[PDB]
Amino acid sequence: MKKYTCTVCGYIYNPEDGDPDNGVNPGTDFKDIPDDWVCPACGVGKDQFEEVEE
Ligand SMILES: [Fe+2]
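Residues numbered from 1 in each chain as written, not as in the entry; some residues may be left out. Heavy atoms only, no water.

In terms of determination method and resolution, the entry is listed under X-ray crystallography at 1.38 Å.

Tracing the backbone shows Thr-5 in strand β1 (residues 4–6). For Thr-5, a relative accessible area of 13% corresponds to the buried category. There is a polar contact of 3.2 Å between the side chain of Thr-5 and the backbone oxygen of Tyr-11. Once you skip the residues sitting within four places of it in the chain, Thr-5 turns out to touch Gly-10, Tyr-11, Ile-12, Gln-48, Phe-49, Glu-50 and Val-52. (Helix = DSSP H or I, 4+ residues; strand = E, 2+ residues; numbered from the N terminus. Buried < 20%, exposed > 50% of the residue type's maximum accessible area, 1.4 Å probe, protein only. Polar contact = N/O pair within 3.5 Å; in protein donor to acceptor, adjacent residues only side chain to side chain. Contact = heavy atoms within 4.5 Å.)

For the rest of this paragraph, the subject is the coordination of the iron ion. The protein atoms donating to the iron ion are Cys-6 (SG), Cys-9 (SG), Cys-39 (SG) and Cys-42 (SG), with metal-donor distances spanning 2.3 to 2.4 Å. Taken together, the 4 donor atoms coordinating the iron ion span angles of 106 to 112 degrees at the metal, a pattern that classifies the geometry as tetrahedral. The class of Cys-6 is buried, set by a relative accessible area of 2%. (Donors = N, O, S within 2.8 Å, 3.2 Å for Na, K, Ca; no water. Tetrahedral: all angles 85-135°; square planar, octahedral: opposite > 155°, others 65-115°.)

Turning our eyes to something else, we now look at the pattern of salt bridges. In the structure shown here, the tally under the stated rule is 3 salt bridges. Note that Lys-2 and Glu-51 form a salt bridge whose closest N and O atoms lie 3.5 Å from each other. Taken as a pair, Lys-2 in the segment before β1 and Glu-51 in strand β3 (residues 49–51) lie far apart in primary sequence, 49 residues in all. A residue is classified by how much of its surface remains accessible, and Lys-2, at 34% relative accessible area, is partly exposed. Ionic pairing is found between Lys-31 and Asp-32, a salt bridge with its closest N-O pair at 3.3 Å. A residue is classified by how much of its surface remains accessible, and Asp-32, at 47% relative accessible area, is partly exposed. (Salt bridge = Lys/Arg side-chain N within 4 Å of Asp/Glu carboxyl O.)

Right, here's the structure in full:
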């Protein structure tokens, strides 16, 4: 799975770690994260994230 970054603050969503405190378990692909989730560091919506191509 690929990492995704918040294009507003730079936070990186890493699918191997998820965002468990906000209900996203490790191993969740960004696309499957419920669409009302927001960046844990600045609060903007998932629509401000972009795939990090490796
Ligand atoms: Fe952010």
